[PDB]
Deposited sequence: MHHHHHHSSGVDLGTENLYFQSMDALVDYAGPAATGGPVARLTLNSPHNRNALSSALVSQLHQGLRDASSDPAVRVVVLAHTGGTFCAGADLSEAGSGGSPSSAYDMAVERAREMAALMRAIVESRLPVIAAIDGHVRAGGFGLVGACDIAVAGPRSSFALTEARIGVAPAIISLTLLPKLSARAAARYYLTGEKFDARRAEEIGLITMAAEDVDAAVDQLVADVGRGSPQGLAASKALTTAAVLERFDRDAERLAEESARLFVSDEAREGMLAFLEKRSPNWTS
């Protein structure tokens, strides 16, 4: 449940690299990891020498989503997800995701939150929420303004699995790259040429609409996420996945 911070003295550039390092649960979104990510962004922003952040990961999974009354707990998990995403969106620093592995559930919210997102040949993406009786409610806050409408409907509904070239095609990421590290380094160079003020303002232009969306919908989507989480359809839906069988609405 750890996030590694590496600043300009370590990166050798005007860049902070925050690396998700929780391989035991495949980088799941534990509260500890969340708080450490928050602290990472705080430290990054606090350093006048940093002009960009890279959100990297270890292991073959970028982020698999959350880990585990029930409703209160669920609605707070949703809220913390939202708060984190918002933290990324609100930052004066452009944030670049370096992805080379699987992304599921909340992982999507993280990717959507980053201003730039690059993904490599090992990556995979699947919105199987509906398959377990729920919906990608909270992650919609950063998914819906970046995905083409057709794509969002399609993958939300089909729950099918897709690669990096597809994710680029649909707006989920900025670009598919065979060498993620190289691509991200190039991007870091270019962005790094921007002035702190210029970059903050340029980003804020692009995030104003997103933040408007948070303001209007975040609490609503948290409460729905919880209602769904506690429902019986989701119970059966999760049991079926654990028991490795098919859920009772499908055979």
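Missing from the model, relative to the deposited sequence, are the stretches 1-24, 93-102.
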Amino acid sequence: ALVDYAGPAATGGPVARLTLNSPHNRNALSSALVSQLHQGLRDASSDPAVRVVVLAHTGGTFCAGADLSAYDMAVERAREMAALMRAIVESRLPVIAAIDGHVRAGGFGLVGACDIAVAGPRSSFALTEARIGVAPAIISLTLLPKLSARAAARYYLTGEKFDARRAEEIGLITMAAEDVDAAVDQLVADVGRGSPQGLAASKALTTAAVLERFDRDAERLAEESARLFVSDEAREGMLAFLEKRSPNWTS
From here on, numbers count along this sequence of modelled residues.
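Comparing 165-173 with 71-79, the higher mean C-alpha B-factor in the PDB entry belongs to 71-79. Relative to its counterpart among 58-66 and 201-209, 58-66 has the higher mean temperature factor, C-alpha atoms as listed in the PDB entry.
Split the chain's modelled residues into thirds by C-alpha temperature factor. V184 is in the middle one. Per the PDB record, residue ranking by Cα B-factor puts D100 in the middle third of the chain. Among all modelled residues in its chain, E178 ranks in the highest third by Cα B-factor. The deposited CA B-factor of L37 belongs to the lowest third of values across its chain.
Among the modelled residues of the chain, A49 sits in the highest third by CA temperature factor in this PDB entry.
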